[PDB]
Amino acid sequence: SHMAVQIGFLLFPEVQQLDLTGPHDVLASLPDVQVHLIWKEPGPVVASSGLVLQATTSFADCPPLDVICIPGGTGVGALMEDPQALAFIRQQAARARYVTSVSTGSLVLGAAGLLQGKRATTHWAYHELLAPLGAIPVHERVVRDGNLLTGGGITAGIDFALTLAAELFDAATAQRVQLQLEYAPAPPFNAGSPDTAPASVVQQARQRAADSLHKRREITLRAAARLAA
């Protein structure tokens, strides 16, 4: 309807698609919502897995959002130094009821200057990059600070989105969506956190992430300097 809650996700090359699509299917289940996928122009955008998503609007044509949500992914590094995207996020965040992100999307909120003195989380492997952007790093899966709501790494988007659903509507509605999603997880292993995975597996990861972390640190401190100026 013309009165729908306006929810917008940033959609960019090399997005981690589940950061977007988990929350999208949660939130699109809610009463009278309209969900936008926003980029430089409408059209196909390739996620880091090769899954092709489709932006529905340019930045300029996106209507004022009630909720803005930034997903993460490899593509976050470029986005953190994209003035067009950061300006859009700042404009929308000035008036949005909720300003939100999943996984390394919070590094983009940070680059936009929106985390200074704010509690936030991100993907576990990149968590040390929050503080140089002014954030107070919090090791929880969903972190709230006023109208800021950030989720942890990738699949945390589902927990984040159900939390947001309860704020937008009510607990009854969020629970109904949870039940419709049959979201009673039973993971076949206990390796979803660096605090519980086998040590051998954890060591595989930090090593797999190490080059990216150095590059993302470089980018983070440049983004921070632009804020500092």
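All residue numbers are counted from 1 along the displayed sequence.
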{"query": "Mean C-alpha temperature factor, higher of 96 to 104 and 134 to 142", "finding": "134 to 142"}
{"query": "Residue stretch of maximal mean CA temperature factor, 190 to 198 vs 172 to 180", "finding": "190 to 198"}
{"query": "Cα B factor band for residue 220 (lowest, middle or highest third within the chain)", "finding": "middle"}
{"query": "Where the record places residue 116 (Cα B-factor, split into thirds across the chain)", "finding": "highest"}
{"query": "Residue 29 - Cα temperature factor, lowest/middle/highest third of chain", "finding": "middle"}
{"query": "For residue 53, the third of its chain into which the C-alpha B factor falls", "finding": "lowest"}
{"query": "Chain thirds of CA B-factor: placement of residue 122", "finding": "lowest"}
